[PDB]
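One chain comes next, on its own, written as structure tokens: the form deposited in one PDB entry.
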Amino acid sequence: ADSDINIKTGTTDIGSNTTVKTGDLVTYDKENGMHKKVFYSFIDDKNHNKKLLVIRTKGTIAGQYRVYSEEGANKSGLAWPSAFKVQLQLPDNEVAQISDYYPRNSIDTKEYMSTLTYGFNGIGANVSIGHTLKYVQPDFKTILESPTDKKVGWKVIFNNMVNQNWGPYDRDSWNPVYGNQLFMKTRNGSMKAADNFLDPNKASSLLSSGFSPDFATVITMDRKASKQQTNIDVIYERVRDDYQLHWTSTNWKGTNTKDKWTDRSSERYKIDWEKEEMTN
């Protein structure tokens, strides 16, 4: 905060009195079902050392949460998204450099509560001691892959979910008899195996309705660069696990395998710094 260092607010900011040539590009990948969008703004400031270009990656990635296997009334499958990833990279040959990005990793806190109690009866003298720890855990965690000079990537992993108002079930949770109960409509059920799956409405929205990222990255050019034409690549992804239920003659049992499938988009864009346009 500039105001903390006695500097007038906004003095250190950039972009004053300088025109910006914004833009927009929309693409839909029918095969993978991820509507991709890239909102770019070309900021050049005569005061600033080098040109700027902020590249939003709004888009959206479909959940793709559906039962894919119908072996019978004894066992069935299910494929759900376990990680949405979008990463931008530049060719190693190019001279453009990634300067900033957002969001970024943040520290997480916890609340600690100690206790100590005395008691007198009548002639009892009971004593009690207790410690309670509280923290907030989201269903999906947004992570920023290690950003290097030429590429930055984000992830949205599946932390855990609450099923039928029962304790959160992690992706690797296991039970001695029932097995992993991540998506199990009924434990001691009698319907068809395909029917016995948690309704997509009850689950988190991201699983079935998809995830809509909003990530910002800014790249710069030496203002005296001999070449003013750099290509950039944006890659979307979706890692889908495999959840299967089978009947053990007494109760349903569920098993999960991690990173069963994966699909990418890999769109390539062409940046023209001289004319301040990015079309592809």
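Throughout, rigid core stands for the largest set of C-alpha atoms superposing within 1.5 Å between the two forms. Counting begins at 1, following the sequence as shown.
- Of the other compared PDB entries of this protein that include residues on both sides, all give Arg187 atoms, none of them, and so not a third, leaving it without.
- Compared against other deposited entries of this protein, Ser146 counts as consistently modelled, with coordinates in all of those that resolve the residues around it and thus below the third mark.
- The entry shows an unbroken chain from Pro176 to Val177, with no unmodelled residues of the deposited sequence in between.
This next part talks about the form deposited in another entry, which is not shown.
- For the residue set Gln87, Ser204, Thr142, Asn180, core-aligned C-alpha shifts between this form and the one not shown reach 2 angstroms or more at a single site, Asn180.
- For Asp170, a C-alpha deviation of 2 angstroms or more is recorded between this form and the one not shown after rigid-core alignment.
- Fitting the two forms on the rigid core leaves the C-alpha of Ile61 displaced by under 2 angstroms between this form and the one not shown.
- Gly189 is among the residues whose C-alpha shifts by 2 Å or more between this form and the one not shown once the rigid core is aligned.
- Between the C-alpha atoms of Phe211 and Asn180, a gap narrowed by no less than 3 Å is obtained in that other deposited form, as opposed to the form on display.
- In that other deposited form, the CA atoms of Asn180 and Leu206 sit closer together than in the displayed form, by at least 3 angstroms.
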